[PDB]
Amino acid sequence: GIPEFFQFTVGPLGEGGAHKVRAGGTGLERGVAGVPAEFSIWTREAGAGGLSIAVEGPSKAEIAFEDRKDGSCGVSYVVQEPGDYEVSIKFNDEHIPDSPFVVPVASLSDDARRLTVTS
Amino acid sequence: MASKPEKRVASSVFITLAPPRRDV
């Protein structure tokens, strides 16, 4: 070896697809009590593998993959009630730094404050 | 306060990308 072009000396040894793993959408900012939400997840680059998704929160959120973007994977999920939802997506164990990501859901609170919705 | 219940509820599910037999 002799990269020096990083991609290996980068630091986090690339960790693998952890770099091509892209995830950006509105469902990646907030959700509402029992309201269908979704976000995009582009991939198809590192190569075949697995994608584990550990969700945690006051309720079990649903998940729905939809290949309808010409290239971006649409993962539609559904939250049940406000709180701090946490998801961990890893492409073949390539857990992105964000994972565990955070998805604050709000019931007519758009914020669910520990003083308004008071928990 | 001290949330008596340990953390909130938990959930675990996922899938995997495994296209048909490679033949490209």
# chains A, B, ... in the order shown; residues from 1 in each chain; ligands from 1
$ residues_around --residues "residue B:8" --least-positions-apart "3" --cutoff "8 Å" --atoms "only C-alpha atoms" --output "VMD selection string"
(chain A and resid 56 to 59) or (chain B and resid 5)
$ write_last_selection --atoms "N, CA and C atoms" --output "tab-separated table (two decimals), in the first residue's frame"
chain	number	residue	atom	x	y	z
A	56	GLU	N	-35.38	2.89	18.61
A	56	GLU	CA	-35.72	2.91	20.07
A	56	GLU	C	-36.58	4.16	20.33
A	57	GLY	N	-37.56	4.04	21.19
A	57	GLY	CA	-38.45	5.20	21.48
A	57	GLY	C	-39.66	4.73	22.29
A	58	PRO	N	-40.51	5.65	22.68
A	58	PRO	CA	-41.72	5.32	23.48
A	58	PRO	C	-42.58	4.29	22.77
A	59	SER	N	-42.39	4.12	21.50
A	59	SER	CA	-43.21	3.12	20.75
A	59	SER	C	-42.41	2.55	19.58
B	5	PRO	N	-39.65	3.71	34.73
B	5	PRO	CA	-39.50	2.76	33.62
B	5	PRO	C	-38.10	2.89	33.00
$ interface_residues --of "chain A" --to "chain B" --cutoff "10 Å" --atoms "only C-alpha atoms" --output "mmCIF file with N, CA, C and O atoms, in the first residue's frame"
data_model
loop_
_atom_site.group_PDB
_atom_site.id
_atom_site.type_symbol
_atom_site.label_atom_id
_atom_site.label_comp_id
_atom_site.auth_asym_id
_atom_site.auth_seq_id
_atom_site.Cartn_x
_atom_site.Cartn_y
_atom_site.Cartn_z
ATOM 1 N N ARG A 44 -26.234 1.922 -3.247
ATOM 2 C CA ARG A 44 -25.790 1.341 -4.545
ATOM 3 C C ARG A 44 -24.428 1.920 -4.939
ATOM 4 O O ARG A 44 -24.323 2.733 -5.835
ATOM 5 N N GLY A 47 -21.315 -1.848 -2.528
ATOM 6 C CA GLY A 47 -21.543 -3.220 -3.062
ATOM 7 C C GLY A 47 -22.595 -3.927 -2.206
ATOM 8 O O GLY A 47 -23.105 -3.373 -1.252
ATOM 9 N N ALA A 48 -22.928 -5.145 -2.536
ATOM 10 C CA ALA A 48 -23.949 -5.879 -1.735
ATOM 11 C C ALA A 48 -23.546 -5.871 -0.258
ATOM 12 O O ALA A 48 -22.410 -5.608 0.084
ATOM 13 N N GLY A 49 -24.469 -6.156 0.623
ATOM 14 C CA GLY A 49 -24.133 -6.160 2.077
ATOM 15 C C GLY A 49 -25.420 -6.245 2.898
ATOM 16 O O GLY A 49 -26.413 -6.787 2.452
ATOM 17 N N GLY A 50 -25.413 -5.717 4.101
ATOM 18 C CA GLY A 50 -26.637 -5.768 4.961
ATOM 19 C C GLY A 50 -26.880 -4.393 5.579
ATOM 20 O O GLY A 50 -25.987 -3.577 5.676
ATOM 21 N N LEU A 51 -28.089 -4.135 6.000
ATOM 22 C CA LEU A 51 -28.420 -2.817 6.624
ATOM 23 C C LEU A 51 -29.233 -3.072 7.884
ATOM 24 O O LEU A 51 -30.417 -3.317 7.815
ATOM 25 N N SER A 52 -28.603 -3.012 9.032
ATOM 26 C CA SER A 52 -29.326 -3.247 10.314
ATOM 27 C C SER A 52 -29.987 -1.940 10.743
ATOM 28 O O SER A 52 -29.432 -0.877 10.537
ATOM 29 N N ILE A 53 -31.162 -1.996 11.337
ATOM 30 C CA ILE A 53 -31.840 -0.739 11.773
ATOM 31 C C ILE A 53 -32.405 -0.933 13.181
ATOM 32 O O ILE A 53 -33.446 -1.533 13.365
ATOM 33 N N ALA A 54 -31.725 -0.430 14.178
ATOM 34 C CA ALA A 54 -32.214 -0.579 15.581
ATOM 35 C C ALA A 54 -32.938 0.700 15.993
ATOM 36 O O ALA A 54 -32.329 1.723 16.239
ATOM 37 N N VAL A 55 -34.238 0.647 16.066
ATOM 38 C CA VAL A 55 -35.028 1.850 16.457
ATOM 39 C C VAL A 55 -35.367 1.772 17.948
ATOM 40 O O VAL A 55 -35.624 0.716 18.485
ATOM 41 N N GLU A 56 -35.384 2.895 18.614
ATOM 42 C CA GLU A 56 -35.725 2.913 20.066
ATOM 43 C C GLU A 56 -36.582 4.158 20.334
ATOM 44 O O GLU A 56 -36.373 5.205 19.755
ATOM 45 N N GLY A 57 -37.561 4.040 21.190
ATOM 46 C CA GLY A 57 -38.449 5.204 21.476
ATOM 47 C C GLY A 57 -39.661 4.727 22.288
ATOM 48 O O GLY A 57 -39.788 3.550 22.554
ATOM 49 N N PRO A 58 -40.513 5.652 22.677
ATOM 50 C CA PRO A 58 -41.715 5.323 23.476
ATOM 51 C C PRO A 58 -42.585 4.290 22.767
ATOM 52 O O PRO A 58 -43.424 3.649 23.370
ATOM 53 N N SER A 59 -42.393 4.119 21.501
ATOM 54 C CA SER A 59 -43.214 3.117 20.752
ATOM 55 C C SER A 59 -42.412 2.550 19.579
ATOM 56 O O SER A 59 -41.446 3.133 19.130
ATOM 57 N N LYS A 60 -42.811 1.408 19.085
ATOM 58 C CA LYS A 60 -42.083 0.786 17.943
ATOM 59 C C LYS A 60 -42.494 1.472 16.639
ATOM 60 O O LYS A 60 -43.595 1.297 16.155
ATOM 61 N N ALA A 61 -41.619 2.250 16.065
ATOM 62 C CA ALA A 61 -41.965 2.942 14.792
ATOM 63 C C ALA A 61 -41.951 1.931 13.642
ATOM 64 O O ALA A 61 -41.199 0.977 13.650
ATOM 65 N N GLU A 62 -42.780 2.134 12.653
ATOM 66 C CA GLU A 62 -42.820 1.191 11.497
ATOM 67 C C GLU A 62 -41.740 1.603 10.485
ATOM 68 O O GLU A 62 -41.121 2.631 10.627
ATOM 69 N N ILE A 63 -41.512 0.807 9.472
ATOM 70 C CA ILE A 63 -40.477 1.146 8.445
ATOM 71 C C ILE A 63 -40.998 0.703 7.073
ATOM 72 O O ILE A 63 -41.679 -0.298 6.966
ATOM 73 N N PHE A 65 -39.611 0.535 2.906
ATOM 74 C CA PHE A 65 -38.654 0.910 1.824
ATOM 75 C C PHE A 65 -39.414 1.096 0.510
ATOM 76 O O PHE A 65 -40.304 0.334 0.185
ATOM 77 N N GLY A 83 -41.393 12.292 21.806
ATOM 78 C CA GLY A 83 -40.293 11.713 22.630
ATOM 79 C C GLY A 83 -38.985 11.833 21.852
ATOM 80 O O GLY A 83 -38.895 12.569 20.890
ATOM 81 N N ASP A 84 -37.975 11.105 22.252
ATOM 82 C CA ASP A 84 -36.663 11.153 21.537
ATOM 83 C C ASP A 84 -36.442 9.808 20.848
ATOM 84 O O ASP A 84 -35.939 8.874 21.439
ATOM 85 N N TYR A 85 -36.818 9.699 19.607
ATOM 86 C CA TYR A 85 -36.629 8.416 18.886
ATOM 87 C C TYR A 85 -35.166 8.317 18.463
ATOM 88 O O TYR A 85 -34.527 9.309 18.172
ATOM 89 N N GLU A 86 -34.628 7.128 18.452
ATOM 90 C CA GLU A 86 -33.195 6.940 18.073
ATOM 91 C C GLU A 86 -33.079 5.758 17.101
ATOM 92 O O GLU A 86 -33.593 4.685 17.350
ATOM 93 N N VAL A 87 -32.405 5.956 15.994
ATOM 94 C CA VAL A 87 -32.241 4.865 14.985
ATOM 95 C C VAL A 87 -30.752 4.645 14.696
ATOM 96 O O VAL A 87 -29.964 5.570 14.717
ATOM 97 N N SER A 88 -30.363 3.422 14.419
ATOM 98 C CA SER A 88 -28.926 3.118 14.116
ATOM 99 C C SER A 88 -28.846 2.337 12.810
ATOM 100 O O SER A 88 -29.100 1.150 12.764
ATOM 101 N N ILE A 89 -28.497 3.005 11.742
ATOM 102 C CA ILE A 89 -28.399 2.330 10.415
ATOM 103 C C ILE A 89 -26.923 2.062 10.080
ATOM 104 O O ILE A 89 -26.089 2.941 10.174
ATOM 105 N N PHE A 91 -24.452 0.045 7.069
ATOM 106 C CA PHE A 91 -24.407 -0.805 5.839
ATOM 107 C C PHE A 91 -23.357 -1.896 6.039
ATOM 108 O O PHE A 91 -22.182 -1.687 5.825
ATOM 109 N N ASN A 92 -23.773 -3.054 6.472
ATOM 110 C CA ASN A 92 -22.804 -4.157 6.719
ATOM 111 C C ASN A 92 -21.969 -3.784 7.947
ATOM 112 O O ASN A 92 -20.780 -4.015 7.994
#
$ closest_residue --among "A:64, A:10, A:115, A:21" --to "residue A:77" --atoms "only C-alpha atoms"
A:64
$ atom_distance --atom1 "atom CA of residue A:38" --atom2 "atom CA of residue A:117"
24.0 Å
$ atom_distance --atom1 "atom CA of residue A:45" --atom2 "atom CA of residue A:19"
9.8 Å
$ atom_distance --atom1 "atom CA of residue A:78" --atom2 "atom CA of residue A:96"
21.8 Å
$ select_by_dssp --residues "chain B" --states "strand (DSSP E)" --output "mmCIF file with N, CA and C atoms, in the first residue's frame"
data_model
loop_
_atom_site.group_PDB
_atom_site.id
_atom_site.type_symbol
_atom_site.label_atom_id
_atom_site.label_comp_id
_atom_site.auth_asym_id
_atom_site.auth_seq_id
_atom_site.Cartn_x
_atom_site.Cartn_y
_atom_site.Cartn_z
ATOM 1 N N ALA B 10 -38.517 -0.204 23.209
ATOM 2 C CA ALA B 10 -37.407 -0.486 22.240
ATOM 3 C C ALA B 10 -37.950 -1.250 21.033
ATOM 4 N N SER B 11 -37.264 -1.166 19.924
ATOM 5 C CA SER B 11 -37.717 -1.882 18.696
ATOM 6 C C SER B 11 -36.490 -2.260 17.863
ATOM 7 N N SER B 12 -36.512 -3.400 17.219
ATOM 8 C CA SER B 12 -35.335 -3.818 16.397
ATOM 9 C C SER B 12 -35.808 -4.547 15.138
ATOM 10 N N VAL B 13 -35.471 -4.026 13.991
ATOM 11 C CA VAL B 13 -35.879 -4.673 12.715
ATOM 12 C C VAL B 13 -34.935 -4.212 11.608
ATOM 13 N N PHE B 14 -34.949 -4.881 10.482
ATOM 14 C CA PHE B 14 -34.044 -4.466 9.374
ATOM 15 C C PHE B 14 -34.230 -5.327 8.123
ATOM 16 N N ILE B 15 -33.339 -5.158 7.172
ATOM 17 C CA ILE B 15 -33.404 -5.935 5.907
ATOM 18 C C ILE B 15 -31.972 -6.117 5.380
ATOM 19 N N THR B 16 -31.810 -6.479 4.136
ATOM 20 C CA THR B 16 -30.429 -6.659 3.596
ATOM 21 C C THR B 16 -30.457 -6.615 2.067
ATOM 22 N N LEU B 17 -29.419 -6.098 1.457
ATOM 23 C CA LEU B 17 -29.383 -6.032 -0.036
ATOM 24 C C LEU B 17 -28.710 -7.292 -0.583
#
